[PDB]
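Notes follow the structure.
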There are 4 protein chains.
Amino acid sequence: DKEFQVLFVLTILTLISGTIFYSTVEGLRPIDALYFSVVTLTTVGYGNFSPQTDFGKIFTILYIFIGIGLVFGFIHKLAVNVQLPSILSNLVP
Amino acid sequence: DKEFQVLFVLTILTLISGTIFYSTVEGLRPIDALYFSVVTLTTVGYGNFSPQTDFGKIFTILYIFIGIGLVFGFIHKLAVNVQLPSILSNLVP
Amino acid sequence: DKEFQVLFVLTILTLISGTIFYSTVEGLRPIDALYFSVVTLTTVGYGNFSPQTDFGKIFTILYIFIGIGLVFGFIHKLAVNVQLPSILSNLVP
Amino acid sequence: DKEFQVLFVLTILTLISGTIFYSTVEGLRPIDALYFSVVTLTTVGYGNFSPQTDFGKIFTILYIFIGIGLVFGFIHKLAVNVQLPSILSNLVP
Ligand SMILES: [K+]
Ligand SMILES: [K+]
Ligand SMILES: [K+]
Ligand SMILES: [K+]
Ligand SMILES: [K+]
């Protein structure tokens with residue numbers, strides 16, 4: 001419980017940072033910077049944008065190595081400690 | 001057995017939702033909306049399309065966090081509890 | 001040992017199938033069809049091509065669910081049962 | 001500790017190799033070759049570039065199978081043995 005809360009806050013902050021950077025350095029709209037941050041950390045990849053500035057490319061490299069771990073951690077616990085029980089409870093005859 | 005069935009149905013529903021949304025909000029053909037939903041949740045990424053509407057971008061963000069977990073769960077059990085035995089049985093001298 | 005060999009052959013066959021399909025249905029060169037098959041199953045994603053035919057889009061969907069599992073299995077054992085020992089042996093004072 | 005150091009050096013070398021290849025064979029700038037190497041091994045995918053030469057496509061295929069394992073290994077230990085403790089220490093009442 002408190003674990004998922006911590007991972008949630010950590011993820012929120014990680015995304016906020018991405019939103020602020022890509023909207024300031026790469027000139028994206030707040031919503032687009034968020035989207036790029038999300039698809040990047042989850043490794044989906046954005047097909048409509050790639051960092052154009054060397055500053056953006058360097059940041060993304062570091063942003064990736066530092067973000068993917070905690071992002072998938074959240075996704076992990078989000079599924080295991082939240083998504084799993086809900087479906088099991090719905091099954092119970 | 002019953003586990004893979006549950007994960008299969010859950011995945012089917014998850015994809016159906018994606019197909020309906022992207023074909024209604026993003027104006028994709030049913031088959032293309034399905035494809036985008038699949039390549040997104042499996043993190044492959046679609047190189048020929050990205051949500052153009054802010055509504056589409058927001059949904060995708062949430063769709064990703066909620067879908068990736070169960071999708072890879074299915075892929076996991078699909079491989080372990082289905083793909084693995086089949087190949088082992090084929091090996092048996 | 002024999003495990004990595006099995007996973008290797010399985011992966012080879014999986015890629016061969018992809019190479020033959022994408023070069024026949026999507027009209028790609030043999031090398032490009034292979035590349036697309038590789039970047040898709042490893043979830044990297046191809047930024048220069050997406051299936052144009054409905055036949056190609058349907059196949060890719062199934063190809064993804066069936067391929068990712070064994071591909072990452074190979075990558076897993078390739079790293080653990082092959083890449084890991086080699087680096088450890090190189091460390092030994 | 002010494003484990004993360006080994007995985008770090010291994011990753012650095014893996015990326016250096018990618019940077020040198022893509023800047024020599026694919027004619028990318030050093031920073032862009034590095035970026036492509038990073039987004040590829042982490043499976044994010046690059047939406048602004050794909051190998052144009054058959055030499056580049058073949059190398060990438062092998063580069064992927066050999067790199068993803070150690071890259072995610074680093075990301076794994078980077079998160080578990082470095083990122084995890086730091087956040088836990090920050091929590092302690
Ligand atoms: K990707
Ligand atoms: K892509
Ligand atoms: K991926
Ligand atoms: K991608
Ligand atoms: K493109």
Side-chain angles (χ1 to χ4, degrees), chain A residues 32 35-52 57 60-61 63-65 67-76, chain B residues 32 35-52 57 60-61 63-65 67-76, chain C residues 32 35-52 57 60-61 63-65 67-76, chain D residues 32 35-52 57 60-61 63-65 67-76:
Chain A
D32 293 330
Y35 180 84
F36 180 75
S37 300
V38 172
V39 298
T40 294
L41 294 184
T42 59
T43 78
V44 167
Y46 194 7
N48 269 157
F49 179 84
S50 305
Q52 292 187 129
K57 292 166 183 168
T60 302
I61 294 179
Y63 189 57
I64 287 180
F65 281 102
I68 290 184
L70 88 119
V71 166
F72 279 92
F74 174 85
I75 296 182
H76 179 74
Chain B
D32 293 330
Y35 180 84
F36 180 75
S37 300
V38 172
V39 298
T40 294
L41 294 184
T42 59
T43 78
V44 167
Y46 194 7
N48 269 157
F49 179 84
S50 305
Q52 292 187 129
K57 292 166 183 168
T60 302
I61 294 179
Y63 189 57
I64 287 180
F65 281 102
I68 290 184
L70 88 119
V71 166
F72 279 92
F74 174 85
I75 296 182
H76 179 74
Chain C
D32 293 330
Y35 180 84
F36 180 75
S37 300
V38 172
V39 298
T40 294
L41 294 184
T42 59
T43 78
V44 167
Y46 194 7
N48 269 157
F49 179 84
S50 305
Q52 292 187 129
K57 292 166 183 168
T60 302
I61 294 179
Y63 189 57
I64 287 180
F65 281 102
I68 290 184
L70 88 119
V71 166
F72 279 92
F74 174 85
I75 296 182
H76 179 74
Chain D
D32 293 330
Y35 180 84
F36 180 75
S37 300
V38 172
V39 298
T40 294
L41 294 184
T42 59
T43 78
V44 167
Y46 194 7
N48 269 157
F49 179 84
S50 305
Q52 292 187 129
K57 292 166 183 168
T60 302
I61 294 179
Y63 189 57
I64 287 180
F65 281 102
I68 290 184
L70 88 119
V71 166
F72 279 92
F74 174 85
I75 296 182
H76 179 74

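Just so it is clear, the values below take in all heavy atoms, side chains as well, and ignore hydrogens, waters and symmetry mates. Chain letters run A, B, ... following the sequence lines, proteins first, then strands; residues in each count from 1. When a ligand or atom number is given, it counts from 1 through the structure's own listing order.
Excluding waters, the protein N/O/S atoms found under 3.4 Å from the K ion (ligand 3) are A/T43 O, A/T43 OG1, B/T43 O, B/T43 OG1, C/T43 O, C/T43 OG1, D/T43 O, D/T43 OG1.
Summarising the geometry of C/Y46 relative to C/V39, their closest heavy-atom pair is CB-CG2, 3.6 Å, with the distance given to 0.1 Å. Considering all non-hydrogen atoms of both residues, D/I64 and D/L41 come closest at CA-CD2, 4.3 Å.
Judged as a ring-ring contact (aromatic ring centres under 6.0 Å, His included), and not counting sequence neighbours, the contacts of D/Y63 are D/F59.
No side-chain heavy atom of C/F72 sits under 4.5 Å from any side-chain heavy atom of B/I75. Put simply, the side chain of D/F65 reaches to within 4.5 Å of the side chain of C/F74, judged on heavy atoms.
Atom CZ of residue C/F49 and atom CZ of residue C/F36 lie 6.0 Å apart, to the nearest 0.5 angstrom.
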